[PDB]
Amino acid sequence: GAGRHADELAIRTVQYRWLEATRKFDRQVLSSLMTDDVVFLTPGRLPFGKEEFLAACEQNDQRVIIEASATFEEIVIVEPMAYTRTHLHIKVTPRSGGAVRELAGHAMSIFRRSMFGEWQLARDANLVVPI
Amino acid sequence: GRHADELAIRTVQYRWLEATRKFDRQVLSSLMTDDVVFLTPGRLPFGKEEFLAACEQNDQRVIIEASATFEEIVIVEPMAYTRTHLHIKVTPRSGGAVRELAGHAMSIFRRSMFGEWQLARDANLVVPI
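Residues numbered from 1 in each chain as written, not as in the entry; some residues may be left out. Chains lettered and ligands numbered in written order. Heavy atoms only, no water.

Undergrad: Help me understand helix α3 (residues 50–63) of chain A, please; the structure alone is not making it clear to me.
TA: Since there are 3.6 residues in each turn of an α-helix, residues three or four apart along the chain are aligned in direction. All names here are of chain A. With 14 residues, α3 ought to run about 20 Å at 1.5 Å a step, and its terminal C-alpha atoms sit 20 Å apart, in line with that. Among all positions in α3, only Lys50, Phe53, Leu54 and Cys57 are buried. Along the long axis of α3, the arc covered by the buried residues comes to 95°, so they all point the same way. Facing away from the buried surface of α3 by more than 90 degrees, the exposed residues are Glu51, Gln62 and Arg63. Buried-residue contacts for α3 involve α1 (2–23), α2 (27–32) and β1 (34–41). (Helix = DSSP H or I, 4+ residues; strand = E, 2+ residues; numbered from the N terminus. Expected span 1.5 Å × (residues − 1). Buried < 20%, exposed > 50% of the residue type's maximum accessible area, 1.4 Å probe, protein only. Arc of directions from axis to C-beta. Contact = heavy atoms within 4.5 Å.)

Undergrad: Just checking my understanding: could you explain the environment of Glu77(B) for this structure?
TA: Relative to the assigned elements, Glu77(B) resides in the loop between β2 (62–76) and β3 (79–92). We classify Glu77(B) as exposed; its relative accessible area is 56%. Distance in space between the C-alpha atoms of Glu77(B) and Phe109(B) is 9.6 Å, their sequence separation being 32 residues. Discounting residues that sit within four places of it in the chain, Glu77(B) has contacts with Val78(A) and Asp5(B).

Undergrad: How should the side chain of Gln15(A) be read in this particular structure?
TA: Structurally, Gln15(A) is set in helix α1. On the basis of relative accessible area, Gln15(A) is assigned to the buried category, the value being 8%.

Undergrad: Quick question: what am I supposed to make of the interface of chain A and chain B here?
TA: The parts lose accessible area when they come together, and the size of an interface is often stated as this lost area. The partner chain B presents 23 residues to the 27 residues of chain A that form the contact. Of the roughly 2,000 Å² buried at the junction of chain A and chain B (both faces included), carbon and sulfur atoms supply 80%. Applying the counting rule to chain A against chain B returns 2 salt bridges. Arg121(B) is paired through a salt bridge with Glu74(A); the nearest N and O atoms lie 2.7 Å apart. Across the chain A-chain B interface, the total number found is 2 residue pairs in polar contact. Elements that contribute at least two residues to the side of chain A that touches chain B include exactly β1, β2 (64–78), β3 (81–94), β4 (101–113) and β5 (119–126) of chain A. It is β4(A) that provides the largest number of residues to the side of chain A that touches chain B, a total of 5 residues. For the side of chain A that touches chain B, the per-class residue count stands at 14 nonpolar, 5 polar and 8 charged. (Buried area = accessible area lost by both parts, 1.4 Å probe. Salt bridge = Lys/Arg side-chain N within 4 Å of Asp/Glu carboxyl O. Polar contact = N/O pair within 3.5 Å; in protein donor to acceptor, adjacent residues only side chain to side chain. Nonpolar A, V, L, I, M, F, W, Y, C, P; charged D, E, K, R; others polar.)

Undergrad: Would you take a moment to explain helix α1 (residues 2–21) of chain B for this structure?
TA: For α1(B), built from 20 residues, the straight-helix expectation of 28 Å at 1.5 Å per residue is met to within 8% by its first-to-last C-alpha distance of 29 Å. Among the residues making up α1(B), those that are buried are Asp5(B), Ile9(B), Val12(B), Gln13(B), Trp16(B), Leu17(B) and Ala19(B).

Undergrad: How should I be thinking about the UniProt feature "domain: DUF4440" (unreviewed entry) in chain A in this particular structure?
TA: UniProt's feature table lists "domain: DUF4440" (unreviewed entry) at residues 11–121 of chain A, given in the numbering used throughout. In residues 11–121 of chain A, helix accounts for 30% and strand for 48%; the two terminal C-alpha atoms are 9 Å from one another. (UniProt positions renumbered as here; feature names shortened; annotations may be inferred.)

This is how it looks when you write it as structure tokens:
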């Protein structure tokens, strides 16, 4: 039990840090939370990796303010991997003064634990769509 | 072993596709855990009976051609995760508009004690094209 609980705590820690480093953009923190081989999937787009994700986040932050609220639905550990499900609601506010946009939907993630006990995002499927 | 497990997974994927091209409820049911959760864009998570019912109803209405390319298979027993690229062609039996969909699915499989690899969690991001 203790082991599972500690792993769940560490994974939730990654998820919360990820959210904070998106609301207030922090490239260095985000980069540290994902594996070098990370793959992201979103609907209507080809899979993309770490540098693509970070570049987009950075550019996006130049243009918009992001608010994000998560409702966590599950974490399952099968060490040294884990899989999660989360519901996300996102509000995007253009810095220019343009119209506010909202998106929502579920995201499924796979995390990997290193030999040093470090949990990181390895694979993500994000089904957030405009609402 | 790892190799046997990867083969078993590709086999499940092939059987799943075959049981969609020519609908077979029993084959599909046997390839999912009872607690399976499916995610698709714009829809609430749904489970095993919901998936089977939808497939069955779909099959009354349309013919499905499906194609898949496996991009990744990783085994961490008793789990595995995969990424696949899919193309689907939908042909209404009524002669209505043929449709195409494409995109990716990320899947998590669990090995049962009898050693059956079954789909446990799926995110299917296929969209109309």
